[PDB]
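J.: Remember, this note's numbering sits 725 above the position in the sequence shown when you count from 1.
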Amino acid sequence: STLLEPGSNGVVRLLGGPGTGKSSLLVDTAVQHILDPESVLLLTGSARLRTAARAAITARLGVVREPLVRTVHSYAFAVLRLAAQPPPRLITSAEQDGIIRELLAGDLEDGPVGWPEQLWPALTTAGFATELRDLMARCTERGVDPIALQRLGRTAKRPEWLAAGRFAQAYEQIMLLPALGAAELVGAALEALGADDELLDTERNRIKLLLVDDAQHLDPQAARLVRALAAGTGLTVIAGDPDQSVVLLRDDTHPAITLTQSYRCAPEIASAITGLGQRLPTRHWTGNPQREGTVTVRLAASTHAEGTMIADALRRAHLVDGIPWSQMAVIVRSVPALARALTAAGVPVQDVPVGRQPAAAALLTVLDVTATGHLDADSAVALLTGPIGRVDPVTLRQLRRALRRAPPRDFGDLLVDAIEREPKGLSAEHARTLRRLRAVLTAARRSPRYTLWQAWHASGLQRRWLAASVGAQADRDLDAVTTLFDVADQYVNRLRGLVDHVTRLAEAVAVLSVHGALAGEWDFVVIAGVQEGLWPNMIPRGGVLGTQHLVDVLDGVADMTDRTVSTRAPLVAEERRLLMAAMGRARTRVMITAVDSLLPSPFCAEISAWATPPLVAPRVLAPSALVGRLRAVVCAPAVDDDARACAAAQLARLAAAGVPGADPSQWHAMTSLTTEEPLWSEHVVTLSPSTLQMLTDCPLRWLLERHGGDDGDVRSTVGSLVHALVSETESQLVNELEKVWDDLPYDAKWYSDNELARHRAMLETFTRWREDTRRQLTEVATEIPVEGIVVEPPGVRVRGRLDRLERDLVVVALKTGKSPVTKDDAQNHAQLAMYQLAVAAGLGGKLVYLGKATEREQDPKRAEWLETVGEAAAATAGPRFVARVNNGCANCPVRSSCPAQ
Ligand SMILES: Nc1ncnc2c1ncn2[C@@H]1O[C@H](COP(=O)(O)OP(=O)(O)NP(=O)(O)O)[C@@H](O)[C@H]1O
Ligand code: SF4
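#1: Determine contact between the segment 928–939 and the segment 748–758, defined as no fewer than three beta-carbon pairs at a distance below 8 Å.
#2: Name the DSSP beta bridge partners of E1512, please?
#3: Use the C-beta contact count for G852: other C-beta atoms within 10 angstroms, 16 or more gives buried, fewer gives exposed.
#4: List in chain order the residues whose CB is within less than 6 Å of at least one heavy atom of ligand 1.
#5: How close, in whole Å, do the beta carbons of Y1560 and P1470 come, if the pair is a contact with beta carbons under 8 Å?
#6: DSSP state of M1316, grouped into three classes?
#7: What number of angstroms, rounded off, separates the C-alpha of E1407 from the C-alpha of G1437?
#8: Please name the residue, chosen from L1425, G1353, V1409, that lies closest to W1392 on a Cα-to-Cα basis.
#9: Within 8 Å, do at least three Cβ pairs link the segment 1002–1012 to the segment 1035–1042?
#10: Within 10 Å of its beta-carbon, does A1054 have 16 or more other beta-carbons around it, so buried, or fewer, so exposed?
#11: Taking DSSP as the reference, what is the three-state secondary structure of residue 718?
#12: Over what stretch of residues does the alpha helix (DSSP H) that includes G852 continue unbroken?
#13: Look up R1609 in the DSSP assignment and give the residues it is bridged to.
#14: Does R1115 come out as helix, strand or coil in the three-state DSSP assignment?
#15: Regarding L1425 and ligand 2, is the C-beta to nearest heavy atom distance less than 6 Å?
#16: Within the segment 1039–1090, note down every full beta strand (DSSP E) run reaching 3 residues or more, in order along the chain.
#17: Is the beta carbon of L1429 sitting closer than 7 Å to the one on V1607?
#18: Taking the alpha-carbon positions, what's the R1314 to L1303 distance?
#19: Measuring only from the beta carbon, is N1616 closer than 6 Å to any heavy atom that is part of ligand 2?
#20: Considering just the uninterrupted stretch of the beta strand (DSSP E) at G735, what are its terminal residues?
#21: With respect to 6 Å, is the separation between the Cβ of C1623 and the closest non-hydrogen atom of ligand 2 below this value?
#22: Which residues does DSSP list as the beta-bridge partners of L984?
#23: Pull up the DSSP beta-bridge partners for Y1574, would you.
#24: Where are the alpha helix (DSSP H) runs, 4 residues long or more, that stay fully inside the segment 1244–1289, in chain order?
#25: Please determine, among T1207, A1066, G1000, the residue with the shortest C-alpha to C-alpha distance to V1074.
#26: Any heavy atom of ligand 2 inside 6 Å of the beta-carbon of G1613?
#27: So, helix, strand or coil for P1325, using DSSP?
#28: Return yes when the C-beta of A1608 is under 6 Å from any heavy atom of ligand 3, and no when it is not.
#29: Taking 6 Å as the cut-off, is the C-beta of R1620 nearer than that to any heavy atom in ligand 2?
#30: Would you list, in sequence order, the uninterrupted beta strand (DSSP E) runs of no fewer than 3 residues that lie entirely inside the segment 956–1006?
#31: Is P1519 closer than 7 Å to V1359 when the C-beta atoms are compared?
#32: What are the boundary residues of the beta strand (DSSP E) that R1221 is part of?
#33: Quick one: give me the first and last residue of the beta strand (DSSP E) that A1025 is part of.
#34: According to DSSP, is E1582 part of a helix, a strand, or is it coil?
#35: Roughly how many angstroms separate the alpha carbons of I759 and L729, rounded to a whole number?
#36: Measuring CB to CB, does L1572 end up less than 7 Å from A1551?
Structure below.
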């Protein structure tokens, strides 16, 4: 307190625990030294914390000037910006590792670097250049010149470090023949402070406070600017906590100021944090005595039961205890499953490429129409099913039946000719969704960053997405089209190149990882997923170049020149700091969750000493979770004679205000049939001989598969293309099947010409059948429509398409199956005996199998048969259809709604 005064000098160090008044004491000394705007320099260490401390000072200060609030990287650029009295910075690592892919492919083509010849197949891989980039990016943070990395390649017998140092030296000579990376920005500025030797004295004479902040995360190359700027003038405060590694604080000759009172954390949270610091290689601080807090550890028995009790405890707190959303958080060790099972209880919770999302990709299809000049068929259907002018799949089927009234032509060709000029056919409501697509393609074709805005103006849906903000998808799409207008501007400053480049490119529960959870406050913190393979991280840190072994020989004597512990797993004592500092955010209470069928980590057995069987079916406060259970203890045979009264007493309070599922009108077991009528009632039923086999077999399959339920093929229309050719010279028919075959929906075009071969020969099999049996038979006609009245008084009235007559009359029915029906199974064949009974009365049978020509016969039992047609056709009358189990109870369409299974 006596060391922070306007009359004072030197370096003061300010260290304290997690939560204490550190960063709000640098703001308290920024203002107290002003009451000069300049020399009040901060180094906040984040781009978002720079504005958090700027607005804190400038509100506490009649207009004012600005204290200089910056970061370390943004300050080392301003030194380089002034030392050129412009120093440019290179792009993000796409353009910086696009240089790495060139120098490796430019080395494998040759035979100077000298890779150790085992790594020769590795050099073309994308996974080698994203590891070579890290051996340079982790020496750049530690100030190691490539002429000094090669000294390590000789003292130890490691050939791939001499090869890596010669890469990092040859890399820095084509980047200067400047161009600075991201991490190379502090190290390049520090060479320019000691170069001029008057640039120092014209910098130190400016600054007066140097309120550097968050000193613990500072690199040993960024820890030397703070030692250079604070060489001599005024007074400097360092601050931060020294025992959270994850200027220097631990070793200094400068006087320190400790802080032990927390101001945030409860005293029961402050004993679990400092209780874990006992088995850890200023660890004593106390909690806020005004608060009272709870720490508890819960276990689950599965993965889905974890997300069901997290969404329990997040729902108990807001809805009963009253703490709002956005004072809650869910911290996970690392993000790839939990946000889906936590939204399903009704909790507000706050990747995919840019040109792939449907609100953005529907507008890039307007540009491909515009760039070519004519719109195709496959990209004119893709505008109707998209967001611009939208149609559900049953209104494509209403366009086609209205456009084809203007063989039928294909829908891909009729659509384009309705956008080019609008026909006056439909005009009801489909005229509007076609005028919307003429308004876009006339605006963009009459006009590259000025056309793409003019398309967004014509397809007027910035108005429709603001009024409807289903209200989340408008805020997901508007937060995605504004990433086109940002990326499309970035290519214009440097329209077939627009499409070519983009193609390659509140009050909620914050779910975030541990490294993102070092800025929030959050009254309630859940640490989900502390278990065996996940939190004590046993993914081994080995690699090819030995990056994790270089980084702990070069940065300290953590390992000697022995590769024994170089590639094991993340260190456990340095992994305990993450769970010790994630609990350091909650100011009221902490819940720690892990599943155990997936085995809990040993950190869950250590918290249970300081906390205040696993669940397998947990309780929820979801409204669809109440009314499910309340209906299950009232519709019960066999417990709870007293609780049954309490069950139905609470459903009457749910049903009076809404809550769907509550009232006994809403229950799916309580609904009643619509009609239960006697069908036709009143009459002559009508039948065809191809349903009579089916009707007798099972009369429920007649009702559901003939009327509605029929799931759609390519094998049944070829079977009718054979019947058309056969009914019309055996070489004049092969030429007829050959032309028409090329338009059939066959994938695998090796199979279309392989299925033609068995259907070409099946016409030669038929003419090889005719000449054999034209001595015993004689054709009367072919494809006679049979119609008449049979079993007249109900009458059954057989109608339809006898295939081929012959005469010794007889009845020939041609089939194209491969496997024939047996000999004694065709004596009761219901199709032939309906034609045979047609031949007799008013106005033997053959069953020729073209394919694999084994024919079957039926002998010329009429009273036993004619009573069966009248007995079966009477069962197509009433309700309550019978579901017999037949041979066809497999590859039948209606089976998921059968009551016999
Ligand atoms: N004198 C005070 N009176 C009331 N509240 C205070 C006082 N001093 C600090 N606080 C509050 O205590 C909390 C501690 O925040 P602060 O001390 O600024 O964080 P920090 O410890 O510097 N940063 P970090 O450890 O990374 O979370 C904040 O909500 C402050 O507003
Ligand atoms: S599964 Fe059996 S009862 Fe059901 S429709 Fe098919 S044949 Fe008829």
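We treat Cβ as the ideally placed atom computed from N, Cα and C, and that holds for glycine.
T.: According to the structure data:
#1: yes
#2: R1524
#3: Around the beta-carbon of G852, fewer than 16 other beta-carbon atoms lie within 10 Å, marking it exposed.
#4: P743, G744, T745, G746, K747, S748, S749, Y988, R989
#5: That pair is no contact at about 33 Å.
#6: Three-state DSSP puts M1316 in a strand.
#7: 33 Å
#8: Between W1392 and the set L1425, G1353, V1409, the nearest pair of CA atoms involves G1353.
#9: no
#10: buried
#11: No information on residue 718 is available, as it lies outside the stretch 726 to 1626 that the chain covers here.
#12: 851–862
#13: In DSSP, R1609 forms no bridge with anything.
#14: The answer is coil: DSSP assigns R1115 none of H, G, I, E or B.
#15: yes
#16: Counting whole runs of 3 or more residues, the segment 1039–1090 contains the beta strand (DSSP E) stretches 1053–1057.
#17: no
#18: 18 Å
#19: no
#20: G735 -> beta strand (DSSP E) spans 735–741.
#21: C1623: yes, Cβ under 6 Å from ligand 2.
#22: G741
#23: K1540
#24: 1272–1275
#25: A1066
#26: yes
#27: strand
#28: Inclusion of ligand 3 in the displayed structure is not the case, the ligand content consisting of ligand 1 and ligand 2 alone.
#29: Under cutoff, so the answer is yes.
#30: 960–962, 981–984
#31: no
#32: Segment 1221–1227 is the alpha helix (DSSP H) holding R1221; no beta strand (DSSP E) there.
#33: In the DSSP assignment, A1025 falls within the unbroken beta strand (DSSP E) covering 1019–1025.
#34: strand
#35: 13 Å
#36: yes
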